[PDB]
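Notes for the structure review
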Number of protein chains: 2
Amino acid sequence: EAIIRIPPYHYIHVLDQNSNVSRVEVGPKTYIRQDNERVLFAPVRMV
Amino acid sequence: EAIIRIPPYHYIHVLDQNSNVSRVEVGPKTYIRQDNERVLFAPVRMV
């Protein structure tokens, strides 16, 4: 799904394959993905 | 599709069914739709 969808103190790495500048998107928000913010992993808690 | 996708001098009516404030989204842009900007019609040219 083009919509990435984050719990509150969660964050995911977006693979900007225009630059592969993988950057943490500190949540939470309804971040929207073009294929320039490609998500890598899951909403796993990361205690 | 959640992504609405507009040619240059085109525009579509987004049905904000939180308010049904149908407003013209004068293009062009990769406008993204929550179900608060519900698209109504097609990318037909509208001469």
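Residues numbered from 1 in each chain as written, not as in the entry; some residues may be left out. Chains lettered and ligands numbered in written order. Part of a larger assembly, values for the part shown. Heavy atoms only, no water. Residues with missing side-chain atoms left out of burial classes, pairs and counts.

The deposited coordinates, according to the entry record, derive from cryo-EM at 9.8 Å resolution.

Going by what the PDB entry lists, chain A is known as Major vault protein and is assigned to Rattus norvegicus.

Observations concerning the overall build of chain A
The criterion, for reference: Numbering of helices and strands runs from the N terminus; a helix is a DSSP stretch of H or I covering at least four residues, while a strand is a stretch of E covering at least two. Every residue pair with non-hydrogen atoms within 4.5 Å of one another is taken to be in contact.
Regarding its fold elements, chain A presents zero helices and three strands. Moving toward the C terminus, one meets the helices and strands of chain A in the order β-β-β. The principal-axis extents of the C-alpha atoms in chain A amount to approximately 30 × 20 × 15 Å. Across chain A, every contact between residues at least 6 apart in sequence was considered, and the portion connecting residues at least 24 apart equals 41%.

Some details on a nonpolar patch on the surface
Residues and elements named next belong to chain B. Applicable threshold: Patch membership requires more than 30% relative accessible area and the absence of a salt bridge. Residues of like charge join within 9 Å; the nonpolar side chains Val, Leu, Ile, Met, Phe, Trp and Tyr join within 5 Å. Values of accessible area rely on a 1.4 Å probe in the Shrake-Rupley scheme; residue burial ignores everything except the protein chains shown. The rule for a salt bridge is simple: a side-chain nitrogen of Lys or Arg has to be within 4 Å of a carboxyl oxygen of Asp or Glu. Here the term buried applies to any residue with accessible area under 20% of the maximum for its type, exposed to any over 50%, and partly exposed to those in between, with areas from a 1.4 Å probe on protein chains only.
Together, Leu 40, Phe 41, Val 44 and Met 46 make up an exposed nonpolar region whose accessible area comes to about 330 Å². Tracing the backbone through its elements, the reader meets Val 44 in the segment after strand 3 (38–39). Residue classification places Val 44 among the exposed residues on the basis of a relative accessible area of 52%.

Section: the side chain of B:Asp16
All names here are of chain B. Quick note on the threshold: For the charge count, each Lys or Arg is scored as positive and each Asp or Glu as negative, with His and the chain ends excluded.
Structurally, the position occupied by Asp 16 is in the loop between strand 1 (11–15) and strand 2 (23–26). Of the side chains with opposite charge, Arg 23 lies nearest to the buried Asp 16, which makes no salt bridge, at 6.1 Å. Setting aside residues no more than four positions away along its own chain, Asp 16 makes contact with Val 21, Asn 36, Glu 37 and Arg 38.

Re the sheet that holds strand 3 of chain B
All names here are of chain B. Definition in use: DSSP calls a pair of strands paired once it identifies at least 2 bridges connecting them.
The sheet built from three strands is open, its strands ordered 2-1-3 with antiparallel pairing. A single partner strand is all that each edge strand has here, and the edge strands are strand 2 and strand 3. Looking at chain direction, strand 1 and strand 3 are connected through two bridges and run antiparallel. Following the sheet pairing, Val 14 is matched in strand 3 by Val 39.

A look at the sheet that holds strand 1 (residues 11–15) of chain A
One open sheet holds the three strands; their spatial order is 2-1-3 (chain A), and the pairing between them is antiparallel. The open sheet terminates on both sides in strands that have one partner only, identified here as strand 2 (23–26) and strand 3 (38–39) of chain A.

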